[PDB]
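J.: Protein chains in written order, with the authors' numbering: chain A, 25 to 68, 84 to 570; chain B, 27 to 69, 85 to 570.
Below, the structure is given as structure tokens:
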């Protein structure tokens, strides 16, 4: 390849850069067009158009973007040649002799190969520093490589800098603006009150309005979600603080599918109006999906700290309390329940007249091609209607939870999205004692495992009103059956294998601990089928 | 009771407590004379007493700490604070006003007589009426009530001789509360970095040594002789001193109950027995009859550049100044008694690296036997910076270990910490894979290690790379870990085991390499029995 001779007397060059990670060539490539002292760099539900430029005469490097809304933004960085660089030897690339310069940036070692063999300057990565030459290679940590694969002449001279810089920003504001540009954010609740105030669901529910229900401790809203959630990852974000309640409470975010005759809306209006799980104990309404009722789909199980923000005046040497707690979970596998117009709910079970303030948003982040699969709710024993007289799910003492479900088509590699916490807040109750959960499908044992968290001392600063014991521990510090005050309880993804069309049975056995002093143990388990 | 205490110069009230019907053991004796009240419990432990001065209108907490220290705290009160009338009642023949108040969520009613000229209460902190409190009712359910009232024919003075050291209430409570707590400081903002450090030949007690290329710090520490009747927590605090990345962290102890230990491996990797994979030999990862693998106490991951990169601006974020990690390790008690080598690892290649603190805490607990905890395996790459291979053998082999028990074991468990690694799109850091555990050739459990809450800890991650789709590296779901957080152990139930030989294996369908990118798994297991 006779590179120097081919681009002697060219009016400009086009360099194509490819990137590789430890040998493996990554997709997509950068075209760097050089003409005089100007450089343009380009690649090759609406995305910003992103470009980079350099002016070697004025010595500024530029980020540039046209946002979906057609606002132009840019950020300009002046540079000096060779800033932060230490000579680090010689090499050859595409037959051209290169100085190599080394710099380190945020712990990375970066080597920049650059030639003076041909009369053109440019670099694909100005942000690591700009050598006075044409950059043929950038090596990060010996492994991550962006290298010129080709250099070709341009016959015509050409101005490359854009028409406008539009709105000039510093680099951090620019990067944040472009990064968030393709993100859909659906605000749902913003510091909304959840409290016990006997509130009841109206007989008219309009779109976009918060309603309070199950005695105040459920808030519901019908929200317009993207039509399709394909090619997105989806996260739930909650922010909470106490507005008066001192205690660690059971929190849940859920959606209410209405694809059958009855939905959890019908249960919120009137618990006894929907089908029941029929335990040896008695009948427990609203907990299992059936042919004509869907249980609510849980998105996130969380537990409040003891009196966040509200009790920050408590003094405990060594502790510095937080002003609020956040919770963020990926819920991408529930995408099919998170498209179109959807009833969304949040729950914090409590008895306080002022209670808690909770925020909730959904974020949809652009992702590689990602099919929406299906998610079908099977069961949910969270006591969402505790403040409207729902029984505690105490039937595990003598019974398994049992469901039936039907598939129209076979499903490969099905999974149960399974949220479990144990409850019974004394020394022999299931909050504080390890118990297995055993899942059965179509008469076979799928898995037996113990739900347990032993990291709860980590979140001490989220718990200003946690009781301090005479042995030195705080209530919030204790290990518990799969939850910690102030944190998310993460789902288990239980592999079910391939399921044939037709009906199936599934059950959950938990050796729940016996009552004591009138107090009961109980389990809050939810399960959605992912297929 | 009236009748009997006309012209008494004082009274003794015995208070019993009850919970949901059930009368609690042992009781409170309240001595009242004049305007003074002394409270003591009716027969290691600090001595606790409470006083009231109705003349000065203060209530007092008082204690003698085991080590002969007297502390006290004074809280002025006003009569009837928080209190609203809630009617009439009778207790042991005396006419009571009932007052109501609420405190930190709770309902409290307080029955109090003026029928006899004595004032006192066993619970001044719920409020002090201008009479004698016969009954305190907290959420209808928590009850302290007078069982006996006895006259004193003579006056006494009841406040204590010394107040010792006078504190605010919160400083009092913290002081008494931490009285029985043993805290062993281990490391204090100690550097963990890559500086080619090597383990010395002379190793004294109570000193910090650097090893495995600088990324291991070790100390031999004097732990309680017995950890019976304690719950035990490990507390770590970390920040970057230069390293921008999310690193694998581990706190471990080195048992030396057998011929060779992990200390021999730290000094020289190839000096200890190996796991023999199809692939190759992997030293130090499995216990044998002459070698114990290190016992992991806690698996954690650092944020991306805590403290050091806090100058990074990301709208809506407010960075933490350090990250703490606290785990309960009570079931490893047997490895946390006597003289013990403790280590911390943060695998990194940085010249300055990290700073890490570590303490153990032993909190008094109800009767609790020390059980046993035997290490079986540990594939954390503790010696990464001294040339240890990545545990990549899962691609074609299971991890297998054999062990022998001398006696039957009831309700055995595997204390199992797993994380998956391989930090690209097709690597096991970011793809769900089962771990299947086998005992004596039978499947115990198959389960998917996964964390999908990592977005929660964004503020612990100032140097996390921000992608063009709006997510940050630290936000992504991963195989059982999040940058800035603890990975919690699985407790896998193995059942009763017979004395004699057993095998355990772990199968993981590890992803295939892509060029020089390899997936690998860091798994550790200690038998609890």
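Beta carbons are placed, not taken as given, at the ideal position from N, Cα and C, and that holds for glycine.
As a quick exercise: from A:529, A:457, A:352, pick the residue whose alpha carbon is nearest that of residue 476 of chain A.
T.: Here residue 476 of chain A corresponds to residue number 437 of the first chain, with the count starting at 1. Ranking A:529, A:457, A:352 by Cα distance to residue 476 of chain A puts A:457 first.
J.: Is the CB of residue 512 of chain A under 7 angstroms away from at least one CB in chain B?
T.: Here residue 512 of chain A is taken as the residue at index 473 of the first chain, counted from 1. Closer than 7 angstroms to some Cβ of chain B, the Cβ of residue 512 of chain A qualifies, so yes.
J.: Do we get a CB-CB distance below 7 angstroms when we pair residue 523 of chain B with the residues of chain A?
T.: Within the second chain, the letter at position 482 stands for residue 523 of chain B. Answer no: the Cβ-Cβ gap between residue 523 of chain B and chain A never drops below 7 angstroms.
J.: Tell me which residues of the segment 39-59 of chain A have at least one Cβ-Cβ distance to chain B shorter than 7 angstroms, keeping chain order.
T.: Listed in sequence order: 45, 46, 47, 48.
J.: Of the residues B:547, B:516, B:271, which one's Cα is nearest the Cα of residue 434 of chain B?
T.: Locating residue 434 of chain B in the second chain gives position 393, counting from the first residue. Minimum Cα distance to residue 434 of chain B is reached at B:547.
J.: Please list, in chain order, the residues of the segment 528-562 of chain A that have any C-beta partner in chain B closer than 8 angstroms.
T.: Those would be 529, 530, 531, 532, 533, 534, 556, 557, 558, in chain order.
J.: From residue 318 of chain A to residue 438 of chain A, what does the alpha carbon distance come to, in whole angstroms?
T.: By one-based count along the first chain, residue 318 of chain A stands at place 279. By one-based count along the first chain, residue 438 of chain A stands at place 399. Those two C-alpha atoms are separated by around 6 angstroms.
J.: Assuming the contact rule is C-beta atoms closer than 8 angstroms, residue 218 of chain B and residue 357 of chain A should be a hit. Round their C-beta distance to whole Å, please.
T.: Reading the second chain from its first residue, position 177 is the one you call residue 218 of chain B. Reading the first chain from its first residue, position 318 is the one you call residue 357 of chain A. Not really, about 12 angstroms apart at Cβ, beyond 8 angstroms.
J.: Taking all protein chains shown into account, do 16 or more other C-beta atoms lie within 10 angstroms of the C-beta of residue 482 of chain A, making it buried, or fewer, making it exposed?
T.: Position 443 of the first chain holds residue 482 of chain A. Looking at its Cβ environment, which holds fewer than 16 other Cβ atoms inside 10 Å, residue 482 of chain A is exposed.
J.: Can you give me the C-alpha to C-alpha distance between residue 273 of chain B and residue 402 of chain B, rounded to a whole angstrom?
T.: Working through the second chain from its first residue, we reach residue 273 of chain B at position 232. Working through the second chain from its first residue, we reach residue 402 of chain B at position 361. Cα to Cα, residue 273 of chain B sits roughly 6 angstroms from residue 402 of chain B.
J.: Between residue 398 of chain B and residue 493 of chain A, is the Cβ-Cβ spacing less than 7 angstroms?
T.: Looking up residue 398 of chain B in the second chain gives position 357. Looking up residue 493 of chain A in the first chain gives position 454. Going by C-beta atoms, residue 398 of chain B is not nearer than 7 angstroms to residue 493 of chain A.
J.: With 7 angstroms as the limit, tell me which residues of the segment 141-168 of chain B have their beta carbon closer than that to any beta carbon of chain A; keep them in chain order.
T.: Result list: 145, 146.
J.: Tell me whether residue 186 of chain A sits in a helix, a strand or coil according to DSSP, three-state version.
T.: Position 147 of the first chain, counting from 1, holds the residue named residue 186 of chain A. It is a strand residue.
J.: Could you work out which residue in B:558, B:568, B:566, B:567 is closest to residue 181 of chain A when comparing CA atoms only?
T.: Position 142 of the first chain, counted from the start, is the residue given in the question as residue 181 of chain A. Nearest option by C-alpha distance: B:558.
J.: Around the Cβ of residue 125 of chain A, are there at least 16 other Cβ atoms within 10 angstroms (buried) or fewer (exposed)?
T.: By 1-based counting over the first chain, the position of residue 125 of chain A is 86. Exposed, by the Cβ-count rule.
J.: Which full runs of the beta strand (DSSP E) of 3+ residues lie inside the segment 283-321 of chain B, going along the chain?
T.: Counting whole runs of 3 or more residues, the segment 283-321 of chain B contains the beta strand (DSSP E) stretches 289-295, 315-318.
J.: Assuming the contact rule is C-beta atoms closer than 8 angstroms, residue 376 of chain A and residue 294 of chain A should be a hit. Round their C-beta distance to whole Å, please.
T.: Within the first chain, the letter at position 337 stands for residue 376 of chain A. Within the first chain, the letter at position 255 stands for residue 294 of chain A. Sure, about 5 angstroms apart at Cβ, within 8 angstroms.
J.: Closest to residue 163 of chain B by CA distance: which of B:173, B:462, B:259 is it?
T.: Counting from 1 along the second chain, the entry for residue 163 of chain B is found at position 122. Nearest of B:173, B:462, B:259 to residue 163 of chain B, Cα basis: B:173.
J.: With DSSP as the reference, label residue 374 of chain A as helix, strand or coil.
T.: One-based indexing of the first chain puts residue 374 of chain A at position 335. Helix, per DSSP.
J.: Chain B beta carbons: is any one of them nearer than 7 angstroms to that of residue 393 of chain A?
T.: Position 354 of the first chain, counted from the start, is the residue given in the question as residue 393 of chain A. It does not; no Cβ of chain B falls within 7 angstroms.
J.: Determine whether the Cβ of residue 98 of chain B lies closer than 7 angstroms to any Cβ atom of chain A.
T.: As a first step, residue 98 of chain B is located in the second chain; it is residue number 57 there, counting from the start. Not closer than 7 angstroms to any Cβ of chain A, the Cβ of residue 98 of chain B fails to qualify, so no.
J.: For the alpha helix (DSSP H) that residue 220 of chain A lies in, which residues bound it at each end?
T.: As a working note, residue 220 of chain A is residue 181 in the first chain. Residues 210-220.
J.: Leaving out five residues on either side along the sequence, give the residues of the same chain with a beta carbon under 8 angstroms from the beta carbon of residue 297 of chain A.
T.: Translated into positions along the first chain, residue 297 of chain A becomes position 258. Excluding positions up to five away in sequence, the list reads 304, 333, 382.
J.: For residue 271 of chain B, count neighbouring C-beta atoms within 10 Å of its own C-beta (all shown protein chains included) and say buried if the count is 16 or more, exposed if not.
T.: If you number the second chain from 1, residue 271 of chain B lands on position 230. Counting Cβ neighbours within 10 Å, residue 271 of chain B comes out buried, since at least 16 surround it.
J.: Using 7 angstroms as the limit for Cβ to Cβ distance, is residue 103 of chain B near chain A?
T.: Position 62 of the second chain holds residue 103 of chain B. Not one chain A Cβ lies under 7 angstroms of residue 103 of chain B.
J.: Can you list, in chain order, the stretches of the beta strand (DSSP E) that have 3 or more residues and sit fully within the segment 436-482 of chain A?
T.: Runs found: 440-446, 450-462, 476-480.
J.: Let's test the definition: count the other Cβ atoms within 10 Å of the Cβ of residue 68 of chain A and tell me whether it reaches 16, buried, or not, exposed.
T.: As a working mapping, residue 68 of chain A is identified with position 44 in the first chain. Residue 68 of chain A should be labelled exposed.
J.: What three-state label does DSSP hand residue 228 of chain B in the structure shown?
T.: For this step, residue 228 of chain B is matched to residue 187 along the second chain. Note: residue 228 of chain B maps to strand in three-state DSSP.
J.: Distance check for residue 310 of chain B and residue 239 of chain B, CA to CA, integer angstroms please.
T.: Against the second chain, residue 239 of chain B aligns to sequence position 198. Against the second chain, residue 310 of chain B aligns to sequence position 269. Near 12 angstroms, if we compare the C-alpha coordinates of residue 310 of chain B and residue 239 of chain B.
J.: With a Cβ-Cβ cutoff of 7 angstroms, do residue 411 of chain B and residue 269 of chain B count as a contact?
T.: Numbered from 1 along the second chain, position 370 holds the residue referred to as residue 411 of chain B. Numbered from 1 along the second chain, position 228 holds the residue referred to as residue 269 of chain B. Taking 7 angstroms as the Cβ cut-off, residue 411 of chain B and residue 269 of chain B qualify as a contacting pair.
J.: What separation, rounded to the nearest whole angstrom, lies between the Cα atoms of residue 284 of chain B and residue 119 of chain B?
T.: For the purposes of this step, residue 284 of chain B is identified with residue 243 of the second chain, where counting begins at 1. For the purposes of this step, residue 119 of chain B is identified with residue 78 of the second chain, where counting begins at 1. So the two alpha carbons sit approximately 57 angstroms from each other.
J.: Along the chain, where does the beta strand (DSSP E) that runs through residue 411 of chain A open and close?
T.: For the purposes of this step, residue 411 of chain A is taken as residue 372 along the first chain, with counting starting at 1. First-last for residue 411 of chain A: undefined, no H or E at that position.
J.: So the candidates are A:40, A:60, A:62, A:84; which of them puts its Cα closest to the Cα of residue 53 of chain A?
T.: Taking the first residue of the first chain as position 1, residue 53 of chain A is located at position 29. Comparing Cα positions, the closest option is A:40.
J.: Quick one: which chain A residues come within Cβ less than 8 angstroms of residue 218 of chain B?
T.: Here the question's residue 218 of chain B lines up with position 177 in the second chain. Result: 507, 508, 509, 510, 511.
J.: Could you give the residue range of the alpha helix (DSSP H) that holds residue 65 of chain B?
T.: Position 39 of the second chain, counting from 1, holds the residue named residue 65 of chain B. No alpha helix (DSSP H) holds residue 65 of chain B; the beta strand (DSSP E) holding it covers 62-67.
J.: Based on Cα-Cα distance, which residue from A:109, A:538, A:445 lies nearest to residue 417 of chain A?
T.: Taking the first residue of the first chain as position 1, residue 417 of chain A is located at position 378. The option with the nearest alpha carbon to residue 417 of chain A is A:445.
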